[PDB]
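Peer 1: Here it is: the structure, laid out below.
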Amino acid sequence: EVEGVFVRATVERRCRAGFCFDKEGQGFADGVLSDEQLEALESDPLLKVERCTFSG
Amino acid sequence: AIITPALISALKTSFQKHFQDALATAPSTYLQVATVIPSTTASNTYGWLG
Amino acid sequence: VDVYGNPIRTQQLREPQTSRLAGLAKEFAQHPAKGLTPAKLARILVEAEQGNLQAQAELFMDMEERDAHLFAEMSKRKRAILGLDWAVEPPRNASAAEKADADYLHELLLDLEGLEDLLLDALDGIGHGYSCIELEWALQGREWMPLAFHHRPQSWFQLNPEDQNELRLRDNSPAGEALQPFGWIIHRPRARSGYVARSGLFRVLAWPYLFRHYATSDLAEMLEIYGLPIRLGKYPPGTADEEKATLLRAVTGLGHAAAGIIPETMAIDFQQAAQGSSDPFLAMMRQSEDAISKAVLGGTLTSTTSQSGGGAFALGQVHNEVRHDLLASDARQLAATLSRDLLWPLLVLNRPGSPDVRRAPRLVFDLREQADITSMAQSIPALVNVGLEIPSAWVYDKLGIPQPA
Amino acid sequence: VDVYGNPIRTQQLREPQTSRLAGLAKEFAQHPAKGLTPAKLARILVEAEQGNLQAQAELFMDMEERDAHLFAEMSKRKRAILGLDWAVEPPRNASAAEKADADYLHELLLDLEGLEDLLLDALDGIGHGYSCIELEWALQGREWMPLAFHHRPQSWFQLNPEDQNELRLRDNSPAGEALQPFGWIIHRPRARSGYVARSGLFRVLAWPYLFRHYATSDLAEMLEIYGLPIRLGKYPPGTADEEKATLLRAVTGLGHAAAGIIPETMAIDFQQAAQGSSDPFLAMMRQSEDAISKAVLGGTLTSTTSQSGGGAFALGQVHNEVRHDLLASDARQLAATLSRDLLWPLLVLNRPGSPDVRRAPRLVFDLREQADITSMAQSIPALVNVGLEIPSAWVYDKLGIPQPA
């Protein structure tokens, strides 16, 4: 099981091309790959964040 | 959150030295079946005439 | 039986409890103070909290041996007690039989050799938190006698897994072995309220000791480096290995050697070696020593010394606050331990009947403080001429002069 | 028999135990203090803990010899005891026969030459942790006499493999040799609770001694380097070996020589030699000396000196705290050792019967402290006029004046 999910329509910093804008991607508290890119992508939320059990 | 709790395992973990020496030998038994014969030589010999 | 009510059997008194544990007598201390770091000290203390007192006891012994200031303070504190006169007194409003029992016990203690050594061994519990002295019981006919007192190292014991205040011998089993009744004199002075593991004074004194040790070692290293400067030689391309070795030896010996010559193509640069002072190290050592003095003997006479100044009331000023309190506390605790452990077996073995425990005689240390004879001798005549009937017993007791016989 | 109950046979008293060990008398000390490092000292102490007391004893002897401050402190401490008057007293409420035995023993000790040397030799155990003095027994008819007292080096003994508190002679065997009864006076003062190996004061004092030694040696080296600066000469390519040697000699002698001339193509650079102060070294020496003073004689009069200031109570102020305690402890321990080892053989050989051990006479040192005669002489008349019946025995005893005969 993976612990870590953000499902409150919450905002996170995801960078597409030359800018970082609101979007929900990985949104997990565990990492095995893309750690250096995840840091920029996984900036903790701006707004209310609540976690669930995807169990994927 | 934290980027890599993977590497921070060494610092977090503590020690519980409760399994150290948590064992002992079986209770002494030669006393019941054997008798002590203190000696100070290299080869003790016993003699009986029957 | 004993004071705690546990049944007493005279069969087990013929041999010491530890006699059947010949393994203990062959052990050697592990010296855990060498190569000690703050993390190691914290682990040692935490493990001791959980029932592993061996490492803590060995560390405390090393700490006592390796620190001269701490050792001097502890020795002075213990010698303060060792020099006090003592007496055995009968219980409150005791009867003739009780008075005779107390007198016989007093005579027995007077003629019992090794009392001073017993007191010294018991006082080790002040720093170690607990001291155990094994008894040798012998019969000179019909009367039991303590043949000798044996002090067993604190490393020989542990904590009961089911009780954190009860000590047990190390017999290779998880639960150890319960202490034999009438076989030990356990002294456990209580400076702080808590469990036996946390009750030692060396637990408080450990950190200042480590601070002082680190400061002293660093100062010694810095004094070793002091003196000549570090000087580095430089050589150009095309210098062979033999020439490199010659340059290295020249640089190595250049500090001792006043003069030397090198080719203009080479270079030697004299860099600072260690520039500073002993002020930080000495400040740390003084802080630690003051902390140790305050913790052991109080911050009125040792660390913040009371300074000179005589007078009739100078004795009281120096003693009553701090020194008298500590002396009385230690003496009273030691007397209670002795009355519990040594007096009671003698009373219940060497005399007939079953006297009630509440009426047992109690050992008392002489805590009388020298009173100014001259001032009070001036004072009495006025009071007696006024009309006050002061009892003579109070005078004789307070002055130290004995009543006429 | 002896106090410990071991059987006593008068056959073995004709010859010393070590007479059949002629190898010991031909040995020479190895001087382990020379070239001593902290690692070497730690190894020496640890090995001593395990029964190798030879190296520890030799190191202690070297330490005593090579440190003037430590030697002065120890000599002062021992001379304090050597100057005390002593007497032999009969046991509690002794009978006429016991009083006669005590009187005869007192007369024998008075007329026994070499008592002061015996006390001095015994007091070595304070620092070494144990002192052994061999006895020479002779018969002047029907009465045994101690012919002489021989002090044997601590390097001649070891620890029993089966007992860490029992000493044995070095007879080339793993287990050594047990000490002959009535053949030795073993003095083992107990400053700290523990085994015999760890009981010496020099074990506490070793580290400050090493710190002071290192500081003094480093200061001496730095004083040697001080003075002229190191100056380095440089020469251009094409300088022959003879010219190189001439330049080297010129540089070597340039410091002493005020003036010199060199070609413009050469160069001499004067570099700093040793720039600093004696402050760190002296700070370390003072710290070590203060530690030694506190450990040996207490931190109230020697290290943190009590300063001047007279008065009637000045004697008490200087003595009672620290000095009196240490004096009383040392005197009592020495008296106990003597009463155990020397008085008992004399009583059980030179007199008939088998007196009980508990009733043996005890040697007592005179620890009486000078009391202010004037103040107390002022005080008595008021008290006696009031009505108090003070016994004259207390007065005569406390003042030092003897009772009329």
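Each chain in the structure tokens gets a letter, A, B and so on, in the order shown; residues start at 1 in every chain, and ligands are counted from 1 in the order they appear.
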Using only C-alpha atoms, determine which residues of chain B fall within 10 Å of chain C; present them as number ranges by chain.
Peer 2: B: 14-18, 21-25
Peer 1: For chain D, work out the contacting residues on chain C at 6 Å, counting only C-alpha atoms, and write them as a count of residues only.
Peer 2: 17
Peer 1: Tell me as a ChimeraX atom specification which residues belonging to chain B come within 10 Å of chain A, counting only C-alpha atoms.
Peer 2: /B:1-6
Peer 1: Distance CA of residue 346 in chain D-CA of residue 397 in chain D, one decimal place?
Peer 2: 29.1 Å
Peer 1: As a list in words, please: the residues near residue 27 in chain A (cut-off 12 Å, only C-alpha atoms, same-chain neighbours under 5 positions excluded).
Peer 2: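 Close residues of residue 27 in chain A: residues 2, 3, 4, 5, 6, 7, 8, 9, 10, 11, 12, 13, 14, 38, 39, 40, 41, 42, 43, 44, 45, 49, 50, 51, 52 and 54 of chain A; 1 and 3 of chain B.
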